[PDB]
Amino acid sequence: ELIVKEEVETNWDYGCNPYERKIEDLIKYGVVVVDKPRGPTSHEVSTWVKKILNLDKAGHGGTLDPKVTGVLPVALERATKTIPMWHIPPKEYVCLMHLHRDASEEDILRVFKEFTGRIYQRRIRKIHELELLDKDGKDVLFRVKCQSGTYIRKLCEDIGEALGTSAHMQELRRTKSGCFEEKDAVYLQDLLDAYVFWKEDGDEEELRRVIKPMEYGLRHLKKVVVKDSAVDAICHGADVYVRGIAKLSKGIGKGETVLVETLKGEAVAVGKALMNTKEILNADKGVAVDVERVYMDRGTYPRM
């Protein structure tokens, strides 16, 4: 829920609901969550997406190694500008680890607790959850929710050593990255077919099912919703002033990264909060957000 600072109307002659974009614009500001195949590099995958949709630009998020499968968000065209925000939320993986010597289930559970929290790797990374999914002798299958940048291969080795033996990662599959989950993932074959269905059968249904608006990958950020009259200015480099805000998230703290959205829910840009939610609510003047990157094309909304 957002706090309303000022009730304002939006002009439906400009922009639109992110999920109701014309097909070309959905692609322009879209993201395809690919279920990465075992074998190709993450770069080969973004390249394929680029070729499949006949795009000029595409980029993936958290790099997955060649043998790793799973959630691999691939930003399309303008959406590539949003990739830097994807590392913020935690990631999750299912991993198959092979111990050098068998260990009891009780000792594994104990060590998982020991690793739950802050750990060190070459950096301090946080391990939010570590769950034992299944075990068969030296083969241990576990789920891990962790901070971006955490090397799972190294985590398996350290867990092996903590058990009094050694271990190596056998298989890894990412189930969550950024705001995307496995349920959002699509096979490249289905993305290819979706495109063909649009280009041939003139049907956008499949493309709309597989391409998500970039706003979907920015849901973890607190928001500052601005009036229509402030949008184009922001797209041209202006910061967000108190008087241009219609609604905002509760608990925004100074220095916090926030998403600037239109009244229709379109991502305009991201920046650092210069004031907290209350100051913004009490102020009648001042600069609310120091804009750091613009996502929306100039001229989408009216210049004032």
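When you see a residue number, it is the position in the sequence shown, counting from 1.
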Exercise. Which fits the stretch between residue 122 and residue 123: none, 1 to 3, 4 to 9, or 10 or more deposited residues lacking coordinates?
Worked result: 10 or more
Exercise. Given the B-factors recorded for C-alpha atoms, which segment has the greater mean, 51-59 or 262-270?
Worked result: 51-59
Exercise. Mean C-alpha B-factor higher for 132-140, or for 112-120?
Worked result: 112-120
Seminar exercise, completed: Note to self: of 247, 236, 28, 36, the C-alpha temperature factor tops out at 236
Exercise. Which one, 190, 182, 92, 203, has the peak C-alpha temperature factor per the PDB entry?
Worked result: 203
For this session: Tell me, lowest, middle or highest third: where does the Cα B factor of residue 163 rank within its chain?
Result: highest
For this session: Would you check the entry's CA temperature factor for residue 169 and let me know if it's in the chain's lowest, middle or highest third?
Result: middle
Exercise. Among the chain's modelled residues, which third holds the C-alpha B-factor of residue 70?
Worked result: lowest
For this session: Using the B-factor values recorded in the entry, state whether the Cα atom of residue 84 falls in the lowest, middle or highest third among the modelled residues of its chain.
Result: middle
For this session: Place residue 296 in the lowest, middle or highest third of its chain's C-alpha B-factors, as listed in the PDB entry.
Result: lowest
